[PDB]
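In: Show me how the following folds:
(5 chains)
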Amino acid sequence: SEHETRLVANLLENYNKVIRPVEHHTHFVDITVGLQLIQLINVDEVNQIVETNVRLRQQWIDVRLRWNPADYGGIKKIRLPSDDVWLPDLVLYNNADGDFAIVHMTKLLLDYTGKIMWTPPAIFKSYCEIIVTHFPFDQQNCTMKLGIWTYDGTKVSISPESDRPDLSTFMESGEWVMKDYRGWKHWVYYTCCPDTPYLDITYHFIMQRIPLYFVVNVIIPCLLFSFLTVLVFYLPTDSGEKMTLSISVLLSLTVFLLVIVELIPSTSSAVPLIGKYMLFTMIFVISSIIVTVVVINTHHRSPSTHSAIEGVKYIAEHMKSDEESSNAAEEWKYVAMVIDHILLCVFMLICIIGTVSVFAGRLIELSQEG
Amino acid sequence: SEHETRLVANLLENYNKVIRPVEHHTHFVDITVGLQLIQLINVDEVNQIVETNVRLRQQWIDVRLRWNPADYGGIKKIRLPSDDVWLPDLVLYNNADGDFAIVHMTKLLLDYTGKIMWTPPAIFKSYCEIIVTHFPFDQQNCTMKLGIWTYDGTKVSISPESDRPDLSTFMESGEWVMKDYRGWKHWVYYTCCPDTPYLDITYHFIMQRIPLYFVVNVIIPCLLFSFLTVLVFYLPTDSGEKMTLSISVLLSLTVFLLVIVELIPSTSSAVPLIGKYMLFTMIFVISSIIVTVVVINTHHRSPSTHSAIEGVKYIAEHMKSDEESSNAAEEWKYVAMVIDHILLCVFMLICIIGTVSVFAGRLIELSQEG
Amino acid sequence: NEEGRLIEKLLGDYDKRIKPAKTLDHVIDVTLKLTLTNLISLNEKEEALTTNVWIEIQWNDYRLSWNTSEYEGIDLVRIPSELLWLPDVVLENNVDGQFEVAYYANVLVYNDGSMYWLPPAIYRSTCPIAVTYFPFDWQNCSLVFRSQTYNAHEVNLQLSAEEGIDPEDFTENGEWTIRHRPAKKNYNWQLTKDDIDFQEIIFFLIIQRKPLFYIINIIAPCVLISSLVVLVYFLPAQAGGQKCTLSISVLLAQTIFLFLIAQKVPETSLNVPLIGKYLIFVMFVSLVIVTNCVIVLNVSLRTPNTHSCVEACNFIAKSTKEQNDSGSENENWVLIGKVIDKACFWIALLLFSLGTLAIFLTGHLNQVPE
Amino acid sequence: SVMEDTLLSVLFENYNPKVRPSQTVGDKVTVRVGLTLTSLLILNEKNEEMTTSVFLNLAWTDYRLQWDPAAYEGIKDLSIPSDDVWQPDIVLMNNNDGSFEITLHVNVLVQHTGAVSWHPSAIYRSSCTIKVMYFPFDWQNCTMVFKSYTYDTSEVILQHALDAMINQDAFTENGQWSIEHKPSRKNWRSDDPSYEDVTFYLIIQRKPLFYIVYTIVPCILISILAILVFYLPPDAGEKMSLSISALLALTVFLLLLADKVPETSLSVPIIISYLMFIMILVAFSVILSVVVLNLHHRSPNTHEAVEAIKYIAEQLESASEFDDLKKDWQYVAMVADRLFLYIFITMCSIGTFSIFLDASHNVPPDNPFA
Amino acid sequence: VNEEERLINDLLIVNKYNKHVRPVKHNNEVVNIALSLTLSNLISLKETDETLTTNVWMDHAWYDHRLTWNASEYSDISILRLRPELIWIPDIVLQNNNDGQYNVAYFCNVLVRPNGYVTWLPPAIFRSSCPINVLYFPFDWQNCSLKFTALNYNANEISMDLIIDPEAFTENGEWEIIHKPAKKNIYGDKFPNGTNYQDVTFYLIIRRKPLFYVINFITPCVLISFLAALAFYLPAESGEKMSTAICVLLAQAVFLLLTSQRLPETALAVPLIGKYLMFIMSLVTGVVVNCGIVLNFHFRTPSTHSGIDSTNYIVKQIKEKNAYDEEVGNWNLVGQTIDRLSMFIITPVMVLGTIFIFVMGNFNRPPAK
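Out: Numbering: from 1, shown residues only, chains lettered A, B, ... in the order given. I have put the structure below:
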């Protein structure tokens, strides 16, 4: 009725969708961004890729959408679908690995005045720093910049909307844990050109990694091996009868250490941990190495151990006596006096190396835990 | 000017692309096709997949494209957008594993006459036999037929154009090498239907495969494992005192090659070959087992080598004489003589079945090499 | 200012698929350039890569220089993809995957008819890295890209610095490094015999890699391994009799470890590129380790066995003593360890040599290409 | 004829495609949603991912499509492609982990006075909380919330069928699991203005009994060699060394088991239960075998004149046999017996415990099938 | 020109013909539609999850009464082409195997006969969830059932009436195709109050199993078994190889364990039955048991596991005395038990070894029955 058909048709005719609500040569189209990650689905620190939930709150005004009693008078605020709207080519700077998912053909709301919001339920593919400094106990801050993609601060400008945590909807299924995250605004003008360039939202993800299951399995076969090597020390000094017997273990255990290496480097390759983490294992594991080789070479270190009728009796007794000598010689080879030395020599070494391994372990755990 | 609007307008009205330049009830549409292959980026012998590029040189004629001083006169040869063309649904009969890529949205060659060509830099994934007989030394010729998809002879016809090799631009980084490549045409009518069916170009790729990597490591552990087997035989002569030691190395050996066959199945099923090959390794190596079977079984083959004062002097030397003839008994079995026949018995037999392995192996390559 | 009428005027005559070519004998002036921003996947064994390229596209078409209502209004215009001549880009030698987000994006029409456009593109390509690129001397990645549509007699591409870079935004998480990026603007005439040149864009990228992490995983194990065998070598002089087999247990253990390595890193090179030089030192320094290793057992294999009534009976017993002595004497002339002791120093210096030969040469293959 | 062209016309003249079968802001269109499940194909019980297939039966009324003589009274039922009605762009609050396949753009069943029937089967990528709690016998339940992803319940009301319909209504027979019931409850969380999603409960039971069977054999068979290594001491004390061989062997075996367990939960993990205590059972055989190994270690050794010669002989022998008799006193077998029965207590106690826990785990936490 | 411009203007396919309207001569029984199924290839089989990717030639036929042409259409050429959007196309749904939408068997070029009859038949790369069940492994290897038909239309808007499966069975499959019957039908159901959509029901009864796993897998068993078999022959020839004999247990043990490990791996990739999987692991356990037996049986026994006259009598004393020790050991040796052991190892190996291929047969006979 009330100019019913005349209302609706007029609107279609003189209105070009593609036109950008440019208002004189100035303020650019003022458009603000506001991301609220509802939640995260999955991440790969190794490949620094994340699939996340984002509701993008996009705001801007088109004074061409203002109305009178025949549009606003009809029903204050209403639902108009996107299409007709000029969609900022939003883009995560050093990220952007994937298209915005569910950004397309959604709707928006127009007020009696004009103000419009476009907030389609997104979830997409991301790309943020993790560097080999993300899995640390001391984390790294995922630097993520967002802003207008192909338009300049003269044609348009993307601005921020508010502060909010990243652990606000951080995934509890993540193999990592959050410290804090902040985001502040910025305008990037380049010494290149004397012009005034796009605006941007810079995310900073500060989170520290490593789920604790890993922790237990690995350090215990170490104190495990510690005891066998501990036995590697005590077994010899309290019984050199199974030196070779332990030859076996030395084989079974470094190979155990070798195969643990396949498993945890793929972990290494599975998750990017700051290499300086690797040196822990480096000297630790390798002392199992230098100690053995010496301990067991030393274990090994030892030469071979690892009237007339009366005279008959004395030529015979003399035979038993110098072989008597001989027996004592090889025993004069494998002494039990210094195998005790190596026992405390290295156990203090191990309690040193060990407590030294615990050192930096404990130390930056004095930093991380904080 | 020169009938400017009158010439391009008339052309669009009475011109159609859905249609094919059919000329009376005869030879079909004269389609000229050919392979111009210049790169083979990826292929898998195992899955017999091939993603290569071949510009689809097509050549046929449409009189309707003939012109006078107002199109020919304009500029002899003019290239029209492909859209105006009836594009055949060409496809790799036993291949075609992938869409041709880069053919859409392209340029078409038109002549004053009507001649037309359009060589598209088509890249696509293919699927042709390689079977387990793909990579031998004696090759297999992958049968690759190509021709119209859903159109029968009564409407479109294609034919070869020229012979060109497959090695003309074959991959020098290929894990294979070519010998020859032939392509002849034909038309296939089927006993099913009394009708005259599609035409097609059949390529045959004749090329021998197999780098030598897998080769070097199959035979190294073999000679090396034959060294320990050789040790297997020689030790009882030079150190039978380590027969058990021998046992250890058979648990060693055995596990190693049982593990060698693990690699085989992975690699083999990971990279295709005619089974007849592994047959070589099969018995040859079951031979080291069959032989260690007998040889160490034989090695362990042997029962256990695997006045009155004058009186006791006699009860005593008696004690000694009894045992002495007895120790003679265990040596009575380890005669140190048959040990030399067993290494020589088998040294020759392994030098012979090795030379046997060597035989068909080299015979087969005196066949391949060809 | 005729703002409406002007827009409506040209759109009347506005021509889509026709190039802004003054006439037909001197082509148009097209500007292009690429700034790398992401090198997403380096699969050198197959010679392919994925990069987010800033496709800086620029050309001229005054077919739309405007008046006061559009040129003067703002010397800057952002008009839709589908609305002006667009270079369908691709890398002759590289682009193996149609560009992604490299097209259909907002272009830029200044006021004089200057056109600027720059979409980001993630796409696949195939640069060199053909049985080389793993050295210390690097194979320059040469990618030439151009429109794959028309040829330089109508289209002409431009470029800039051919001296200045790929490391501009070369990824920091790459297992490699770049040292120079040269680029030339050129005509079309290749090995394949194509004429009518369509100019293209050459992309040199001589880059370095090899930042070994596996190096010392390889370097310490081998030393531990060498020492282990040198244990096998010197440990015998130290070790007891129950050590011959002791040594054996090590061989078993030594190579269990060995081919396990042979299985570990071979995998490494297949998933990534490959090269034989570094490969040669390992397996052959490795085969020599194995060689003198089994040699050792053949060495701890070599040697023959080390692998009145009163007096008549006192006579004979004093014989068992001298008799057995002759026997223990056997042991003597047999196990007088000249070969063994010397075998230690044998492998020792041989060790030093194998090592020096290798690390000295590794010094060289880092020092010539340094 | 009866105004057929007329009706027909007017309808398509006035009918609106993109409009909602309701009049203004009110009770809205009461759409019927009800899916008869087909079957399910993959349960990623580990990440809580669900790919199933069902029918999307939708139905409401289009009093805008009521026909007349020919299409209403002529043929009360007629098929017509959707594309013309508001379609629940339904997403799943937890699930809907991906797009629709056979869900939208398909024909529908339109009845005479406006009823609409649309029955399409589809595959849908969902994600329900089967969490890492999909293996306890007490299992758990999940929330499956379906609803549109641009619409807010304001211009339509959603309504269900049964809530008991069950999910085993189309449970996959291919499922290594089983189901007890499927609850269906309609929801409108007030955290959003938009009335929305419906929660569907999975009281799932997944009992695939297949390898834990030969897992038991290790525990017990390993025990065979275990009880054996604990039994072998007073069985063959000389077990002394061979014993250590057993644990190398025993430990490598269990560590390989350690190898398959993490990679197998890698796709179907839940509570540790089984692993929790077999982990203890592990540690148990692990340490028990190692302290018995220390049981093994604890032993510092084990681990006239005429007549004068006689007398000197009398003392020689006797004197040292006591010495070696001392070794007897030292390595008697008290411990072995006592701890082989402490072995009795330990292993049969810790044994009947997880035996029990396991016992308690399958029967006790079984009835919460609700 | 024979009324051609005018006539195709008469048909105007899209404009004059109702493509959104199916010419079923209005509400009646149905348009006589017929489907033809011909598999062109089977590329992948997944026995474990009852899923198959296979290619089919979707041969379709139905008469388009509005398609009938006249001279400058019909007779001008008694056969011509017309795209999908200009040809009515049945909405053929792969009833129980289309849980994976059809590819390039979609909106493709169709064949236009002269008197309305039309023919559309392109290629279908599809995925299916065929009746594998855990019964698609016994030797019959079940019967894979599939139904094809026009999804949308019912018994008064569509009627589809009705080729071997091995006609294009893939030769690179790990199975064998024994038969493939084809019979159409139509059917209503309980909740529906009317009959509808007719369909192509095609059962594929197949079989599979390698003659290769048998090769390298039983191979080690008689080889390994001879080790355990020799194990008991070897306790005689030289039981003194105690430790070394022990080594072999570790070694034959580690061999045994991961051999079984490779077994489930291929297993999960294949739903293996409980009947067969036990004979494998049951018998390797037979040796596992006897390896443990090997243990004890091999280390099971407690031990085998006048002045001058005065002085020498001392020795004859020490003589005899430890001769008692020496012998306390052969008491344990237990050698007249030797043969019986390895004889009662032979007997059982024969019993069980036979029991298996005995069972092999007792189930090998009835299928061949």
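
In: Next SSE downstream of the host helix or strand of residue C:201?
Out: Secondary structure from DSSP states H and E places residue C:201 in strand C:200-203. Note on strand C:200-203: by DSSP H and E, the next helix or strand toward the C-terminus is strand C:206-209.

In: Give me the buried stretch members for that next one, please.
Out: Buried residues in strand C:206-209, counted by 16 or more other CB atoms under 10 Å in any protein chain shown: C:206-207, C:209. (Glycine included, C-beta is placed from N, CA and C.)

In: Check stretch A:350-360 too.
Out: Buried residues in stretch A:350-360, counted by 16+ other CB under 10 Å: A:350, A:353-354, A:357.

In: do stretch E:179-190 as well
Out: E:180, E:184, E:186.

In: before we move on, the earlier item: Serialize the buried residues of strand C:206-209 to TSV and add fields for distance to chain B.
Out: Shown next, in TSV, are the buried residues of strand C:206-209 (distance: CB to the nearest CB, whole Å):
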residue	distance to chain B
C:206	19
C:207	19
C:209	19
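
In: Which of those residues sits closest to chain D?
Out: Each of those was checked against chain D using CB to the nearest CB; the closest is residue C:209, at 30.6 Å.

In: For the closest one, give the beta-bridge partners.
Out: Counting by DSSP bridges, residue C:209 is bridged to residue C:176.

In: cool, residue A:145 as well?
Out: Bridge pairing for residue A:145 - DSSP bridges - gives residue A:202.

In: Quick check, it in contact with residue A:203.
Out: Yes: under the criterion of CB atoms under 8 Å, residue A:145 makes contact with residue A:203 at 7.4 Å.

In: which of these two has more neighbours?
Out: residue A:203 (21 against 18; other CB atoms under 10 Å in any protein chain shown).

In: Hmm, residue C:208 and residue C:138 touching each other?
Out: Yes: assessed by CB under 8 Å, residue C:138 is found in contact with residue C:208 at 5.6 Å.

In: you'd agree residue C:354 is in a strand?
Out: No: secondary structure of residue C:354 (DSSP: H, G, I helix; E, B strand; the rest coil): helix, not part of a strand.

In: you'd agree it is up against residue C:286?
Out: No: checked against CB under 8 Å, the pair residue C:354 and residue C:286 is beyond contact range at 9.8 Å.

In: Spell out, range by range, the strands that occur in chain E.
Out: For chain E, strands defined by DSSP state E occupy the ranges E:32-46, E:51-63, E:80-82, E:92-94, E:110-112, E:117-120, E:123-128, E:144-150, E:159-161, E:175-179, E:182-186, E:198-208.

In: Could I get those strands in CSV, plus columns for distance to chain D?
Out: Below are the strands of chain E laid out as CSV (distance: least, CB to the nearest CB, whole Å):
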stretch, distance to chain D
strand E:32-46, 10
strand E:51-63, 7
strand E:80-82, 19
strand E:92-94, 8
strand E:110-112, 18
strand E:117-120, 17
strand E:123-128, 9
strand E:144-150, 10
strand E:159-161, 15
strand E:175-179, 18
strand E:182-186, 17
strand E:198-208, 14
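
In: Residue A:291: neighbouring residues, count only.
Out: 20.

In: right, I mislabeled it, should have said residue A:13
Out: 7.

In: From residue A:69, how far off is it?
Out: From residue A:13 over to residue A:69 the distance is 20 Å, taken as CB to CB, to the nearest Å.

In: Residue D:197 too?
Out: For residue D:197, the distance to residue A:69 - CB to CB - is 37 Å.

In: Comparing these two, which residue is more hemmed in?
Out: residue D:197 (25 against 10).

In: Contact partners for that one?
Out: D:92-93, D:145-147, D:187-189 (CB atoms under 8 Å, 6 or more residues apart in numbering or on different chains).

In: Try it again at 10 Å.
Out: Residues counted as contacts of residue D:197 (CB atoms under 10 Å, 6 or more residues apart in numbering or on different chains) are D:90-94, D:96, D:143-148, D:153, D:158, D:186-189.

In: cool, and residue D:7?
Out: Contacts of residue D:7 by CB under 10 Å, 6+ apart are D:67-72.

In: Any residues of the stretch 151-300 of chain D in contact with chain A? List them.
Out: Residues of the stretch 151-300 of chain D lying near chain A by CB under 10 Å from any CB of the partner chain: D:151-152, D:154-155, D:240-245, D:247-252, D:255-256, D:258-259, D:262-263, D:272, D:279, D:283, D:286-287, D:290-291, D:293-294, D:296-300.

In: are any of those residues buried, and which?
Out: D:151, D:155, D:240-245, D:247-252, D:255, D:258, D:279, D:286, D:290, D:293, D:296-297, D:299.

In: Tell me which residue of chain A lies closest to chain B.
Out: For chain A, CB to the nearest CB, closest residue to chain B: residue A:248, 10.3 Å.

In: Now do the SS call for that residue.
Out: Of the three states, residue A:248 takes helix according to three-state DSSP.

In: Relative to chain C, how far out is it?
Out: 6 Å (CB to the nearest CB, to the nearest Å).

In: Okay, that residue and chain D: tell me how far apart.
Out: In terms of CB to the nearest CB, residue A:248 sits 5 Å off from chain D.

In: Not counting its neighbours along the chain, what's nearest that residue?
Out: Spatial nearest neighbour of residue A:248, excluding adjacent residues (CB to CB, 6 or more residues apart in numbering or on different chains): residue D:248 at 5.3 Å.

In: Tell me the residues of the stretch 101-250 of chain C that contact chain E?
Out: C:245, C:249.

In: can you pull out the strands in the stretch 101-250 of chain C?
Out: C:108-109, C:114-117, C:120-125, C:143-147, C:157-158, C:176-180, C:185-186, C:200-203, C:206-209 (DSSP state E, counting those that start in this stretch).

In: To residue B:135, which of these lies closest?
Out: Across the strands of the stretch 101-250 of chain C, residue B:135 has its closest neighbour in strand C:120-125 (26.9 Å, CB to CB).

In: Pop the domain breakdown of the chain in here.
Out: You didn't pick a chain, so chain A it is. Per automatic domain parsing, the structural domains of chain A span A:29-209, A:213-301+A:336-368.

In: Oops, wrong one, chain E.
Out: According to automatic domain parsing, chain E comprises the domains E:4-208, E:213-300+E:335-364.

In: returning to that earlier point: most neighbours, which of the contacts of residue D:7?
Out: residue D:71 (22 neighbours).

In: just checking, it touches residue D:8?
Out: Yes: the pair residue D:71 / residue D:8 is scored as a contact, 7.7 Å apart, by CB atoms under 10 Å.

In: follow-up on the earlier one: who touches both of residue A:145 and residue A:203?
Out: Joint contacts of residue A:145 and residue A:203 (CB under 10 Å, 6+ apart) are A:92, A:95, A:128, A:183.

In: In strands only, show me those residues.
Out: A:92, A:183.

In: Just the buried ones from the shared contacts of residue A:145 and residue A:203?
Out: Going by neighbour count (16+ other CB under 10 Å), the shared contacts of residue A:145 and residue A:203 have A:92, A:95, A:128, A:183 buried.

In: what bridges to the first one?
Out: Okay, so that is residue A:92. Where residue A:92 sits in a bridge, its partners, by DSSP bridges, are residue A:146.

In: Next: the last one.
Out: Taking DSSP bridges as the rule, residue A:183 bridges to residue A:203.

In: you'd agree it is up against residue A:147?
Out: No: here residue A:183 lies out of contact with residue A:147, judged by CB under 10 Å, at a distance of 11.7 Å.

In: Identify the contacts common to those two.
Out: A:160, A:201-202.

In: Quick check: chain neighbours aside, which residue is closest to residue A:133?
Out: residue A:140 is the one closest to residue A:133 (CB to CB, 6+ apart), at 4.0 Å.

In: Distance of the one you found relative to residue E:89?
Out: When residue A:140 is compared with residue E:89 (using CB to CB), they lie 56 Å apart.

In: What is the end-to-end distance of stretch A:115-126?
Out: 30 Å (CA to CA, to the nearest Å).

In: Nothing else from me, thank you.
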